[PDB]
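Number of protein chains: 2
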Amino acid sequence: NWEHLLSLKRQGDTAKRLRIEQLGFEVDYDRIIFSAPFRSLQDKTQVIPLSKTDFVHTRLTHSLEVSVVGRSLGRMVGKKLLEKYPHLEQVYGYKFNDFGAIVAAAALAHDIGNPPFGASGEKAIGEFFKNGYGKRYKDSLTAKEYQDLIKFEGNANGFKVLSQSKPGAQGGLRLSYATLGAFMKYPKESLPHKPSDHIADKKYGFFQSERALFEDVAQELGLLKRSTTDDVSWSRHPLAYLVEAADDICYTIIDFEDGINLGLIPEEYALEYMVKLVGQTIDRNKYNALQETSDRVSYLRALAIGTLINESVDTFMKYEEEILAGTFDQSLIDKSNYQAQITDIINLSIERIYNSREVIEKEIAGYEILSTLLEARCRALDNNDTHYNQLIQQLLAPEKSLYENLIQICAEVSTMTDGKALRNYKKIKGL
Amino acid sequence: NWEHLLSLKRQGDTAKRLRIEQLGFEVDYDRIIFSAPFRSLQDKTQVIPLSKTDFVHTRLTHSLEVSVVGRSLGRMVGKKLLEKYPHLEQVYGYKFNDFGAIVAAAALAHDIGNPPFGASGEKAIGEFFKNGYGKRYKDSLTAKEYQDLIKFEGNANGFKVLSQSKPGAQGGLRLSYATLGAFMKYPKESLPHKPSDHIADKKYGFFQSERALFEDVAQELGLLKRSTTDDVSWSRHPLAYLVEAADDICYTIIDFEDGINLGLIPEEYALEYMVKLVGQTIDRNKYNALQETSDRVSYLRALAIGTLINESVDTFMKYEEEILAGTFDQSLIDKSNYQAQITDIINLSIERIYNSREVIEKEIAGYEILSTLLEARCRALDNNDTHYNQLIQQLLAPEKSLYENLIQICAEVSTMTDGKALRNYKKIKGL
Ligand SMILES: Nc1nc2c(ncn2[C@H]2C[C@H](O)[C@@H](COP(=O)(O)OP(=O)(O)OP(=O)(O)O)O2)c(=O)[nH]1
Ligand SMILES: Nc1nc2c(ncn2[C@H]2C[C@H](O)[C@@H](COP(=O)(O)OP(=O)(O)OP(=O)(O)O)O2)c(=O)[nH]1
Ligand SMILES: [Mg+2]
Ligand SMILES: [Mg+2]
Ligand SMILES: [Mg+2]
Ligand SMILES: [Mg+2]
Ligand SMILES: [Mg+2]
Ligand SMILES: [Mg+2]
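Note that the protein sequences, when read in sequence, are chains A and C. Just so you know, the first sequence maps onto residues 3 to 24, 29 to 404, 409 to 441 in the authors' numbering. Just so you know, the second sequence maps onto residues 3 to 24, 29 to 404, 409 to 441 in the authors' numbering.
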């Protein structure tokens, strides 16, 4: 039921907010814009670590583009939905801008829990507990708590950052429940690991300490259970599909364009792989009148994004009933007519950009930096009577369980930028 | 008896030197001035490590100021003492300048055994043997020798530096016995640890290898025993109180002034905490005519130092008999009327200067530097057949017991400046 999916509740509320008596979905955008976690995204790795103030993307600019594309997708889908179910507007009072606001707010914050150095950073944080110092804690934690530690993802960290309670400020940013539902793409815990081939089962979305919180949200939105066991799991919110589609479109095209502009990909491929996407709307005279690679690739990027957005809207509207029922098992991008072109673009990006020498060098350095910082924090946690551990506490982190302390350490390491992490690493070693 | 406390003996002497047949107490000043250990004090930490050639103090300038204040205190106390005991001048032949010379010489060398990076350096050297590599030696040493290693202080190292025998030069600097007595403030060994609440029992003053030497000195000056056990301990030399008073006055006031000049303390506090000390002699017109913070704080510092010096002289002359008997249990500064102001100044200095971010960064770096250098020296000591250990010996240290070798390693690390230690650390790691 769509009347329960578009909820306006906030954490710690007793009177039900109504749409007629209102806007809630724009304050979420404003609150995310003005927060420190969002501001820390300006110097976090998207693909190339330590961007050197070049023209390449960071996490912040990527999130902004995903937000624009998400607003467009949400507006179109909301128009079609309001056409399909008239009573959503004539009784409850929902307009087609609310869907755009929800998807834009969710897409702006979709990537906020990521640590420095990107995917390699998450792998390093996991390997620290798996085959490093943190291994010593294995006997002192529940299997669900250990699987949280050794398979750390930014998806759970983002939910925690968004919904963190502190003395005097309950609920953290206190976003609406619809935004939280559209933000979550893996509504399950860390065990069991990969129970099936469903798209919503690749990873997990919340930690144990936050688990209870999500239950509340999942009760309010009327999500559909899938547990059939002692481990909880729910079905996806329908707008989470749109969030994922926007994320995928943006990074797939922009990575290719950035690699072309950097000199790692020849310009010819730009027309070898993209023409079928842009052939139906390209103006040949305008394309031929341009005189630099940047203009041509920008033109192609704009046309491709438009085409993919339209196709994604059509695909979503086709399989709406299955998504509402919970039986859909793929993403909207896998039901597309240009899957071969996307696959070729991704494979070329993997061969040329992800495995380039400079990228590998930066990832190797990031492994060492993260391991050193985590080991210092953990050793200061174990013994708190020495002078050195007091100094470490004063520099890095100015009544809890062991699991809560370890989660706090992981969270505090992941709020740093690449530059701050490198500077602290050099300071620890006195260089 | 004061005739035995003002002794002119030197190490390796058989004919008793007499005051009538003389000056001995000034050659000590000259010999300390011209020695390499005194010259190494120019680049050693007082409060802020790696001073960056700023206006802040180092160990050398601090020692010079302590020497000036000590000369003043000694001159005043010697005048009053010669007034009290006439026979000290009419028979033996002691003038009021001898006390000033003794206190000045002792105060100039009071701080010569300190390692690089200050207090954090001593803590690092101790922690290396406590919870580091050096722990392996615990089973091979006597409990008194291990407590020397794990509670390393600069007070014992200074005595060793002053009285070190080498082939062709016995006695080291060969200072007079009165100067050595006034230099020592903790005449006891490293065990037992803190037997009481006496001021002279907080730490220890000599190592085991030097123990016999001090006994000789303690026999010549007629110090009073306090052992009542198998572990030796004596009472303090009376002029050691004056040395300690001068040290305390100087660092307490100058730390505050330096923090004000650096921008870490607001100027208002300068008059909130100091007025009662300077209110009885301050000229208001001169204070108001000045136009910079530096001039005002310098004026206040001068007035405060004068007031505290006078009060300390009065306090010493009040409790003279108890100090001579050995029953005095506090310092001269705790019997003062401005204890609350001193306590407030010290607490503000701890909150603002000792715990500032830059200071913590430098201390954290110093821990790593000292640990690396000590581990290299110890590993070269254990195995001496490898090529690498021969290289280490040639770079760092171009028939003894294990304890003597470990003490020598600790001494050789503590003669380095901060810059030399950092340069050697970088060279070891090839950066
Ligand atoms: N350097 C580097 N970048 C990578 C690698 N794998 C993926 N990336 C980049 C490509 C994209 O810019 C970005 C994709 O991360 P996102 O968090 O936006 O989504 P992703 O689909 O990777 O995962 P998620 O939805 O969070 O489970 O990461 C890799 O192995 N190395
Ligand atoms: N950075 C830093 N400086 C400190 C700390 N504690 C004391 N200091 C500084 C303040 C003074 O400038 C200086 C005092 O050392 P001294 O060797 O002159 O005498 P202290 O009374 O500390 O000890 P002592 O008579 O040697 O047992 O050390 C600390 O925790 N951090
Ligand atoms: Mg992500
Ligand atoms: Mg994804
Ligand atoms: Mg993204
Ligand atoms: Mg000292
Ligand atoms: Mg002291
Ligand atoms: Mg001193």
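Quick reminder that beta carbons are idealized off the backbone N, C-alpha and C, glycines included.
Any beta-carbon of chain C closer than 8 angstroms to the one on A/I419? no
Could you give the residue range of the alpha helix (DSSP H) that holds C/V62? No alpha helix (DSSP H) contains C/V62, which DSSP labels as neither H nor E.
Per DSSP, which one or two residues make a beta bridge with A/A175? A/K172
Own chain partners of A/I22 with C-beta closer than 8 angstroms, once the 5 adjacent residues on each side are dropped: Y98, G99
DSSP bridge partner residues for A/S239 (one or two, in chain order): A/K194
Suppose contacts are defined by Cβ-Cβ distances below 8 angstroms. Is A/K136 in contact with A/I156 by that definition? yes
Under 8 angstroms between C-beta atoms, does C/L155 make it to chain A? no
Between the alpha carbons of A/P92 and A/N103, how many angstroms are there, rounded? 15 angstroms
Where C/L441 meets chain A, residues with beta-carbon distance less than 8 angstroms: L441
Do the CB positions of A/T378 and A/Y435 come within less than 8 angstroms of each other? yes
With DSSP collapsed to three states, give me the class of A/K231. strand
If you reduce the DSSP assignment to three classes, tell me which class C/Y257 lands in. helix
Would you be able to state if there are at least three C-beta pairs under 8 angstroms between the segment 104-124 of chain A and the segment 162-171 of chain A? yes
Between the segment 237-244 of chain A and the segment 53-63 of chain A, can you find at least three pairs of beta-carbon atoms closer than 8 angstroms? no
Quick one: grab the DSSP three-state call for A/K341. coil
Between C/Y139 and chain A, is there a C-beta pair that is closer than 8 angstroms? no
N-terminal and C-terminal residue of the alpha helix (DSSP H) that A/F213 is part of: Counting along the chain, A/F213 falls outside any alpha helix (DSSP H), and DSSP gives it neither H nor E.
State yes or no: is the beta carbon of C/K144 nearer than 8 angstroms to at least one beta carbon in chain A? no
Locate the alpha helix (DSSP H) running through A/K144, then write down its first and last residues. First-last for A/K144: undefined, no H or E at that position.
Classification of C/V223 by the beta-carbon crowding that lies within 10 angstroms, buried from 16 upward: buried
Rounded C-alpha distance that separates A/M426 from A/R383: 14 angstroms
So, at 6 angstroms on beta carbons, what are the nonlocal neighbours of C/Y247 in its own chain, with the 5 sequence-adjacent residues on each side left out? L338
Less than 7 angstroms separating the Cβ of A/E128 from some heavy atom of ligand 4? no
Note down, in chain order, each residue of its chain lying with its Cβ closer than 6 angstroms to the Cβ of A/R180, except the 5 sequence neighbours on either side. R12, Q13
Grouping DSSP H, G and I as helix and E and B as strand, with all else coil, what is C/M82? helix
Report buried or exposed for A/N161, applying the criterion of at least 16 other Cβ atoms within 10 angstroms of its Cβ. buried
Taking a contact to mean a Cβ-Cβ separation below 8 angstroms, would you say A/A188 touches A/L229 in this structure? no
With ligand 5 as the reference, list in chain order each residue whose Cβ lies under 5 angstroms from any of its heavy atoms. A/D117, A/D253
A/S318: which of A/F262, A/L270, A/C256, A/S362 sits nearest, CA to CA? A/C256
Around the Cβ of C/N291, are there at least 16 other Cβ atoms within 10 angstroms (buried) or fewer (exposed)? exposed
Does the Cβ of C/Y257 lie closer than 7 angstroms to at least one heavy atom of ligand 8? yes
Any beta carbon from chain C within less than 8 angstroms of A/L270's own beta carbon? no
Hey, quick one: how far does the alpha helix (DSSP H) through C/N415 stretch, first residue to last? 412-424
Measuring from the CB of C/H63, is there a heavy atom of ligand 8 at a distance below 7 angstroms? no
Against chain C, with Cβ distances strictly below 8 angstroms, would A/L401 count as a contact? yes
When the Cα atoms are used, what is the spatial distance from A/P272 to A/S424? 36 angstroms
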